[PDB]
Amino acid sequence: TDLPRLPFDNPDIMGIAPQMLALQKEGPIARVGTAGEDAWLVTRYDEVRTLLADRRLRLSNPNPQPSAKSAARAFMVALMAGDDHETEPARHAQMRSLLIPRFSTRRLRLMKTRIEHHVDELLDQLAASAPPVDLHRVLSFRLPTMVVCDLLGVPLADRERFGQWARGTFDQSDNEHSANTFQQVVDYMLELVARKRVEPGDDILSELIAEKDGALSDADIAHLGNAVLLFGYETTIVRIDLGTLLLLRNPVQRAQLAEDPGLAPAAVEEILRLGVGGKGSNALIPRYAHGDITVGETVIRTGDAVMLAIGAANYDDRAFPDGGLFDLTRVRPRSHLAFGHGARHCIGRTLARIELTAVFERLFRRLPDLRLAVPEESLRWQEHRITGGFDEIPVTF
């Protein structure tokens, strides 16, 4: 008997840690240690999907004496209206009600067109430069921050102001840096709300200001704006990097995609399914039990912490035959869990798919000789950030 301890080592830069796959083979749920409190780790697709849809499992901590969290995790939980278990039901419901209609079909159609032109322009600059080039800086970073500038109705140069703020806010290693960066986000967003009240446009904060019919406070609106800024670009950047790395590892599929850009939607779903980096701590969705829940023969008791391993579940052979293989020819693959599922299903997921599809429609057709300019093992997944990610991706072409 040796209690497994998260986070598990991964000898590769991508994929699932061997110990987590080992637990997955043994069964759906295991008690594990963590850096903080012990938790139930759930690793099989069926049980992770079921529990994500179970209303007894929530983000908020119901415990009287809550275990201390990093400033970074506290900020993330508060941006998600999970900081107070007694008000989470009403506050979370309001959050989703106010954010979901900010991603209308009308907006997403307009944004898809702008996104596609912008990727064309980004790749033209890339193709004209002299390798080695940092694909992370000049492509992966630039498209999702472009998109957030569009959503917020701010000049594109603003992303040079806010482009490191999700990383700094979600830096679990430095509480002081996390809090100081979050204060910058807050100040910026409160300035933006004040401007949009006299100079509105076709953008998210202007719509929230107009909502029913001006009843939201500036602080309420800025809180929603902060969630869009802090969840709305960094994770997408990470998936562009991961998708590039995965396609570089699979030259037959990459050549298929270069020949037929109509495979890009399929490629994007495989990228989301398989795109897990380093120790994959961001692919563990945290929850607390607000009532007793039975999983197989294991009883999760009220108050227990649960880690839902969406990454491991997306690799589950029970759900995806040859679960570790990248295959954009999969016929009717199950819906992956990389955007979550249930009450907190990612609000931006349709927009994120539009971004990834536009990139991977184009990338290897425009740059067919694209390849890493450094060994894979030199790429450093940033474990201390809640969102993970690589800091650079050197390429030649």
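Counting begins at 1, following the sequence as shown.
For the pair 32-40 and 47-55, the mean Cα B-factor is higher in 32-40. Annotation for 341-349 versus 366-374: the higher mean temperature factor (C-alpha) is found in 366-374.
The PDB entry assigns its highest CA temperature factor, among 104, 244, 314, 217, to 217. Taking the deposited Cα B-factors for 270, 176, 158, 121, the highest one is held by 176. Per-chain ranking of the deposited C-alpha B factor places residue 112 in the lowest third.
Annotation for residue 264: CA B-factor lies in the lowest third of the chain's modelled residues. When the CA B factors of the chain's modelled residues are split into thirds, the value for residue 22 lands in the highest one. Among all modelled residues in its chain, residue 292 ranks in the highest third by Cα B-factor. In this PDB entry, the Cα temperature factor of residue 331 sits in the middle third of its chain's modelled residues.
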